[PDB]
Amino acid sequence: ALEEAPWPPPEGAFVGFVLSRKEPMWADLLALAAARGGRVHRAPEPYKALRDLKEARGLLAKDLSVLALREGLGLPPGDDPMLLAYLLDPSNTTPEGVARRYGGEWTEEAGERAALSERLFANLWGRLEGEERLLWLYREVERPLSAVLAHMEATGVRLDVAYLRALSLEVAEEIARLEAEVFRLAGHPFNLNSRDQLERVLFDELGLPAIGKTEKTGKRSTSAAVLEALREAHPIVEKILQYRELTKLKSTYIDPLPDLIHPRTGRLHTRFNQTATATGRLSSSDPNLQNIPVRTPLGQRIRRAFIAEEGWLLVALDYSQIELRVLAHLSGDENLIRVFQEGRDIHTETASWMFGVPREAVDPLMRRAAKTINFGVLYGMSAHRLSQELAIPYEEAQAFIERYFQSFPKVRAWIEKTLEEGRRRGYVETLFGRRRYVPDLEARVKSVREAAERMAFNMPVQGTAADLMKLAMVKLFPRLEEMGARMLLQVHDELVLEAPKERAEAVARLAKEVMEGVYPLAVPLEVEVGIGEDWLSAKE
C-alpha cells in the first residue's frame, strides 16, 4: 500500500533493503527503499541512493551500515526495531519471528521491509513506554553498540594465510598416520568420521562397554566423555581422540578460514549478532571468530595466525574471574567479596586442591581445568558427574560441592530468591534489568523444571557480565578513535584492539582502565592486558 513517492526520502525515514546473501561484507545490494509518513520511496539504483541517507534506521540497520562502510560511507545505524523486540523478550531474534508477533510479514522486497520497519517501530516503542530500565539499556547500551559493532565488522582482522596453508599440509599428513593406526587396530577400514560406523567398531566388533546413549535417537554414544572413560581399556580409543581433535581443527579452522579473506580489505570479517542469545551475550558467525582454538598445542598454532597489520600491535584485554565477581555483587556474600577485596584467585586455588601442588605451581593447563570445574559446580553440576570428572568418590564430590557453597553461604539464598521471583513474574533479570522469560519454572515434570531453574539463575550473572562488557565497548570506542586505534573482536569477556606500535602502550593502559571502571561494583574488576604481534602472545 502506502504511496509511491520519488526518491530521495525525507529525513528520519525507515529503510528496508535486500541483500544477495546474509553477510554484509560479501553481499550485493539488490534493492533500497525508505518510508516516512504514508510514503514509500524506492531507489532507482541502490548503490548511488546510499549517498542520500544520513542514518540507517530500520530492521537490521547494522547490516546496511556495514555494507556502507565497505563502500567508504560513514552511515551510522540508528533505531532498529529488532533491538526493541530483543529487549522485550530475548526470544525475539529474527525478523521472521518479530514481524509475526507485532503486526507484519517479513518479505523479500525493500519497500515492504521499509514500511514494516516503520510500523514495527511504532508498535514496540509503544510497548516500551514505562519500561524505563529497558529504555535505558536501549538508549545507553544497545543502540550505541550497533555502531561500534558495525565498525568492528567492517574492519576485520588480519590472518597469516600462507602459514595456515602450510599448517594444513602438516596436519593432513598426521591425520593420515592416525587413521592408518586405527584401521589397523580395527582389522579393516571404515569412515572414521561416521559416528555410526565407529559405534559398530567400538561396541560390536570390539568388546568395549557402551557407557552412554545419545539424546534424540538413543544410539550408543562415542563422545569424548565416553571415550575418556574407555582409555587404557583399549589403545584405539586413545588414537580416536587424537584423530578427532585434528580433523575438527582442520575442517573448522585451518582449511576454511584462508578462503574467506576479503579481496578489497585483505582481511577476515565476522558478523557480530546483537540479538541472538537468551542472556544478552553477543554471538559471532560466518565465520565465528568467538571459538578460535587456544587450549591444545595445535590450537595455539592456529590462534597465532591472527596477527596485527604491518606497523601495529594487537592489544588483548580479558576480565578476570568475571562471573564470580558479578556473583559476589549480586548475592552480597561477604566471604566472596572478601576474596576479591584481597586479590585471591579461585581458579588457581581450586586447581591446587585439584592437583595437590602449591599455588605457586599451577600452570595454565591446570588452571584451565579448574575453570571448567568451578563453573560446572557453580551452575549446578551433579555430584555424580563431578566424581566422574575429578575421579574421586561420590561422597567426596558431595563435600567439594558442600564446601564450595558453605564458604559462601549467601549465594544459595540468592539462587533461591532468583528462582522464587521468577515464578512470580515469569522472568528473571540482570543488574540493569535485561530480562529472560523462563516459563518452565512451574513445569510439573521434574526434569523440565530443574533445567528451567538452571537456565534461570545462570542468566542474571552471565547477562550482567555481558552488560558490563557491552557498556565498556561503548565507552571505549570513542577514546580509541582519538588515539587512532580500533576495535577488532569481542569474545564475551575479552576485547582485541589494533593499535599503532608507537601508541600501543598508551591504548593498553587506557583500555584497561575504561573496562575496570565501567560500572563500579562491590568488588574490584581486574583486567589482564597484553600486547603482541599475534593474538596468542597478546594474551601474555
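Rigid core here is just the name for the largest C-alpha set that superposes within 1.5 Å across the two forms. All residue numbers are counted from 1 along the displayed sequence.
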Q. Is the larger C-alpha RMS shift in 8 other deposited structures of this protein, relative to this form with the rigid core superposed, found in 222-230 or in 403-411?
A. 222-230
Q.
Aligning on the core, I want to see which stretch wanders more in 8 other deposited structures of this protein. Is it 144-152 or 295-303 by C-alpha RMS?
A. 295-303
Q.
Mean Cα B factor from the PDB record: higher for 363-371, or higher for 213-221?
A. 363-371
Q: Pick between 36-44 and 486-494: the one whose mean CA B-factor in the entry is higher.
A: 36-44
Q) If you compare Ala465, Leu88, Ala397, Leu246, which has the highest Cα B-factor in the entry? A) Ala397
Q) In this PDB entry, which of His234, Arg271, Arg454, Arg301 has the top CA B-factor? A) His234
Q.
What third of the chain does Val514 rank in for C-alpha temperature factor, lowest, middle or highest?
A. middle
Q.
Is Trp353 in the lowest, middle or highest third of its chain when residues are ranked by C-alpha B-factor?
A. highest
Q: Sort the modelled residues of this chain by their C-alpha B factor and say whether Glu11 lands in the lowest, middle or highest third.
A: highest
**Q.** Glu309, C-alpha B-factor rank within chain (lowest, middle or highest third)
**A.** middle
Q | CA B-factor ranking of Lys54, expressed as a third of its chain | A | highest
